[PDB]
C-alpha cells in the first residue's frame, strides 16, 4: 500500500507542561550512571572480553524491563586489517511485526588503541554514554512503552526499536572497508528482508520511520547542527522541547545562550553508522556534535570528563521526543 509514505505525514502528539514535569522527574541520572553506564566503561573492541560483557550487560538490562522487548543478535564474520573477526549487532524491538518503527541507535564497540601509560581507551562519549542513554530511556519509559503491547486500530502501526551497532570504529585507517562493519552489514540485511513478512516490494528499511543515531555525547556544551533537510522538522522538535523544558525550570545548569540544538547546518559529510541507511533513503536525525568533544579519540575520553547535567538534560529531551513521536 502507501504505508511506507506514512512517515512523511507523521506528526508528534505534543506533551503539556504537567506531562513534561512528570517525564523530567521520572528519569534518574544517578541510576543510569551506576547501573547502565559504569559497566560499559571498559575496553570493548570486537572479540575482546569487554565486547562480550558489553553485549551481556545491554541484553540483561533490557530483559529486566516489563515492556515486551524482543532481542536479536545479528552475528557475522568479516575480514579486517587484523584478520577475520566476529561482529554482533544487538537489536531490541517492540512489536517486531508492526510495519513502522522509530529507531534509536548507537555503537557499543570501543576503538582499539595500544595501552599508553597504565591507561586504556574506554570511549566514554564514544559511545558508552549514548548506550546508557538508550538503556535509561527504555527503563524510564517502561510503563508507557508497555502500552504498545495493547493492540488498537485507533493508533498508527508504529513502535520502537533500539540498535546497538558493533564494529563502528576503524581498526587501522578509516575507510569504506575499514569502518562501519556492523551498520554496513545490518543495512544490507534489512534492505534484503521483506517487511512486513510476506510483502511484495517493501523491505525492513521501508519500515524505518526515522533513524536517530546518538554518537559522541557526554561532553559539556555540545552543539548539534541540523544536518539534513528531510529530518529538519524533527530536529526543530528537539529545539522546541529543549526550549520548553528550559522555560519550565526542568533542566539543570542550562542557559538559552548555551543551548545544544542549533539552527545551522554543517559544511561537510560526517561518516558514521547512519551512512549505509541514509544512502538507501532512510531518514536520519544524526545526534552527533560539531565540533566533536575535545577528548575525542584520547585516553581522556573517560568518566571524569563527562558532564552529568548535560547528559541528564539530554535524557529528558530525548525521552520527551520519543513519547511525542509514538503518541504516548
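Positions refer to the first chain, counted from 1.
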Inset, instruction - Using only the Cα atoms and their B-factors as the entry lists them, report which of 136-144 and 86-94 averages higher. - result: 136-144
Inset, instruction - Would you mind comparing 213-221 and 117-125 for me and telling me which has the higher average C-alpha temperature factor in the entry? - result: 117-125
Legend entry - Residue selected from 252, 111, 100, 184 by maximal Cα B factor: 252
Legend entry - Of the residues 80, 239, 226, 154, the one carrying the largest Cα B-factor as recorded: 154
Inset, instruction - Taking the values exactly as deposited, rank residue 277 by C-alpha B-factor within its chain and report the matching third: lowest, middle or highest. - result: lowest
Inset, instruction - Using the B-factor values recorded in the entry, state whether the Cα atom of residue 20 falls in the lowest, middle or highest third among the modelled residues of its chain. - result: highest
Inset, instruction - Could you say whether, by C-alpha temperature factor, residue 194 belongs to the lowest, middle or highest third of its chain? - result: lowest
Legend entry - For residue 53, the third of its chain into which the C-alpha B factor falls: middle
Inset, instruction - Grab the CA temperature factor for residue 62 from the record and place it in the lowest, middle or highest third of its chain. - result: middle
